[PDB]
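# Examination of the molecular architecture
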Amino acid sequence: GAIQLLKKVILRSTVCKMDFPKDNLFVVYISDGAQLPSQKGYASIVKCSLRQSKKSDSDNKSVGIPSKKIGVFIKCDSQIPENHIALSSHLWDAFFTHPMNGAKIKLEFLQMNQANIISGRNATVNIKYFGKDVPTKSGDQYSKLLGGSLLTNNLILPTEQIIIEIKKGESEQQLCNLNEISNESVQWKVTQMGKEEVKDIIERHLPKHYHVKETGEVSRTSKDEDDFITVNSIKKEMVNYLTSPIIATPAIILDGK
Amino acid sequence: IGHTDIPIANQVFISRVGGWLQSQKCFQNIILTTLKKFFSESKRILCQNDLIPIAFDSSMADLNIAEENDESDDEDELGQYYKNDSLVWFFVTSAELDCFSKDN
Amino acid sequence: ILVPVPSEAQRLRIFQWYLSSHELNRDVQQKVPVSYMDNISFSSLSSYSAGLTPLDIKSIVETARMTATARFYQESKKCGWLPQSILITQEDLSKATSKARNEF
């Protein structure tokens, strides 16, 4: 009964910032050089465990694996380099990571033949906002902010600090599309879950080091895009030499007084 | 002999072949993982007293990417993400089976 | 036992080794292959190779590969008629020798 799975492939993360039309929320960009059988799929980072010192690790033993498989739309691009992938910022936040090139994303498409998809009736989205300030963010407001979304059970957006387990009454669901559904048939619920289960959820899924808040970690600490135009006579060369396919020796030294 | 007629073993004792590579404590785990994968890829054919070489990318040593990447689909894009650099050998010392044949 | 700086024939053999195709195609991920024109006077290079070491020979051959690749890509951009491989000229190796003597 599960959705039949088309070709699955890995791809190199790219921070090359594209348009990423704001209309949709979870979409990506792939090179047009290859054929894309489907526009809908799942993406999943591949965690690289570097902290295996002192033997012990963070594998399935006493530590579960967060939801790597996250549904996202797919669409080609001619400018993006071949064998490369660009992710919407919302995707980066969903994966609990900042934009970063070179990350290897496992991905796999689907097909458009399925009735389990909620064909209209009762698309009860569980917007389980667990933040503070008792914000008046309405279900209608979130809808306006969440339209054009392919939701799936147990996924979190830390930017809004919102956890969602899409529900159809008491029947769950993993997929949905704005285009194929009527906006009336989606129901938005605004509440705050018990702080105990929220604490447990963050302890089990949100790592203690990750804090998506861009302003929380001040990076725009007076970093104006200063241009030292004459000295660019060197910069323009360096990048080329650095971007040159072949480097005679791996190193280049920049020297100054 | 036809591939059908080749008996299937149950327990196989393999003595790791002594080698400078096999010694490094920092490597052993990646080596045994490489063996587990290589046998997991598909069926294999072996003989008593034989030897098995493995080629692996030592650069992945401390990069202990978790096993939960079950049967990584694009092991080819991973292999090009890798580059097997160092080689090891393994000795098959015994195989357990209860289907006796002329060519055990 | 002392290992001397390579002599003329030693440098000749060093070149025979490095300029052998497969050695140049080690880390060539790009599809286009790499190779050299056959009009290269190896003896002249060996003679001009006075007072060098094999690692310097590696440096100079890689630098020649560089000038060749840069020129080839520039030509492909320029004319739009892409050739089917890469080539290295006596001039390129001569300038690499000059650069090597300089940095030495």
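Residues numbered from 1 in each chain as written, not as in the entry; some residues may be left out. Chains lettered and ligands numbered in written order. Part of a larger assembly, values for the part shown. Heavy atoms only, no water.

Structure determination for this PDB entry is given in the record as cryo-EM, at a resolution of 3.89 Å.

### What about the arrangement of the chains?
Threshold: When checking whether two residues touch, look at their non-hydrogen atoms; a contact exists if any pair is within 4.5 Å.
Contact analysis covers two pairs of chains in contact, and the most contacts occur between chains A and B. The two partners chain B and chain C share no contact, and the minimum distance between any of their C-alpha atoms is 10 Å.

### A few points about the pattern of salt bridges
The test is simple: Each salt bridge in this description consists of a side-chain nitrogen of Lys or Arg and a carboxyl oxygen of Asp or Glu lying within 4 Å of one another. Every helix listed is a DSSP run of H or I at least four residues long, and every strand listed is a run of E at least two residues long, numbered separately from the N terminus. Only protein chains enter the accessibility calculation, which uses a 1.4 Å probe; a residue is then buried when its area is under 20% of its type maximum, exposed when over 50%, and partly exposed in between.
In total, this model carries 11 salt bridges over all chains according to the counting rule given. Taking the shortest distance from any N to any O, the salt bridge between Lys199(A) and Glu196(A) comes out at 3.2 Å. Residue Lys199(A) and its partner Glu196(A) are both found in helix α3 (residues 195-205); the two are separated by three residues, about one turn of the helix. Overall, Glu196(A) belongs to the exposed group, its relative accessible area being 58%. Linked by salt bridges that have partners in common, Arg71(C), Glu91(C), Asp92(C) and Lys95(C) make up one network.

### Comments concerning the packing of helix α4 (residues 54-79) of chain C against helix α5 (residues 90-103) of chain C
Residue and element names in this part refer to chain C. What counts, and what does not: Convention adopted: a line fitted to C-alpha atoms gives each axis, helices being fitted over their contacting stretch, and angles between N-to-C directions are expressed from 0 to 180 degrees. Any angle that falls under 35 degrees is termed roughly parallel, while one over 145 is termed roughly antiparallel, one within 65 to 115 roughly perpendicular, and all others oblique. Should the near helix be turned anticlockwise from the far one by less than a right angle, the crossing is termed left-handed; should it be turned clockwise, right-handed. All amino acids are sorted into three groups, where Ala, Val, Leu, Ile, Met, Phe, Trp, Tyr, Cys and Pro are nonpolar, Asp, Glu, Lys and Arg are charged, and the leftover types, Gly among them, are polar.
Between α4 and α5, the least distance of the axes is 9 Å, while the angle of their chain directions is 130°. For the element pair α4 / α5, the angle class is oblique. Considering the relative orientation of α4 and α5, their crossing is right-handed. Between α4, through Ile60, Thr63, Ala64, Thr67, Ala68 and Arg71, and α5, the contact on the second element is made entirely by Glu91, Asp92, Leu93, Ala96 and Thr97. Of the residues contributing to the contact of α4 with α5, the split by class is five nonpolar, three polar and three charged.

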